[PDB]
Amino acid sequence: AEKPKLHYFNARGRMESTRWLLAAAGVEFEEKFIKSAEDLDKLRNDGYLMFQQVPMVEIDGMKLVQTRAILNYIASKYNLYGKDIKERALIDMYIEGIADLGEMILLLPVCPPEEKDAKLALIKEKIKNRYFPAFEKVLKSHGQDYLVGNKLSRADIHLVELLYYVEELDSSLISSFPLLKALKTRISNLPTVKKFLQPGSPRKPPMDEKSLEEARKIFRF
């Protein structure tokens, strides 16, 4: 069948968790990078972006926009979304907390510089006091290797992706959560994820100053 095609900037941004999810599911995909304002204008004008924004993923005849719509579909299609309505509820609750914290971290770079130290301070405090205790509590409550249903789900993938970003930000934040460390290690050793973490995969690097400043110019934001 049609191989999924991801339209995004050549950057992590809002497409990276989709790259993680597809790669962890063992699904081949290709990428079409938006290099210029002209590239974005053309996708807009031609009608392929419902709300004039990317990420956009072509999969199974559809042109999907909205990160959560994209991820929701992929997770169902490849059975990473639980076995029933009640398991989806747990997965949804888990990954929405991950998304909330991920949104903060996602936006720290474009945070105005006079307010950036306090944004970071607050982020670190929510990690140690709100989010990391909540997932450690889940893992300790059942002691199993996966967050939900004793079976790999999107929740494990999204969580461990976030754990890598939190390491980039501050290695010490995970130090008092041994079950999160153990999750990160096990998920990273699943063959599909291990390959995704090795060089040459579609996994994207952190944004750097040159790349951010240049893209701020090209796309005026």
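Rigid core here is just the name for the largest C-alpha set that superposes within 1.5 Å across the two forms. From 1 onward, residues are counted along the sequence shown.
- Of 194 to 202 and 208 to 216, the stretch whose C-alpha atoms sit farther from the shown form in 5 other deposited structures of this protein, after fitting on the rigid core, is 208 to 216.
- Remark: stretch with higher mean C-alpha B factor among 42 to 50 and 168 to 176 is 168 to 176.
- Per the PDB record, of the two stretches 10 to 18 and 206 to 214, 206 to 214 carries the greater mean B-factor over its C-alpha atoms.
- Sorting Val110, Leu71, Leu90, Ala99 by the CA temperature factor given in the entry leaves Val110 at the top.
- Comparing the C-alpha B-factors of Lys151, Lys140, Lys77, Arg130 in the entry, the top value falls on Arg130.
- Compared with the other modelled residues of the chain, the Cα B-factor recorded for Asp156 ranks in the lowest third.
- Annotation for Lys35: CA B-factor lies in the highest third of the chain's modelled residues.
- In the PDB entry, a CA B factor belonging to the middle third of its chain's modelled residues is recorded for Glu136.
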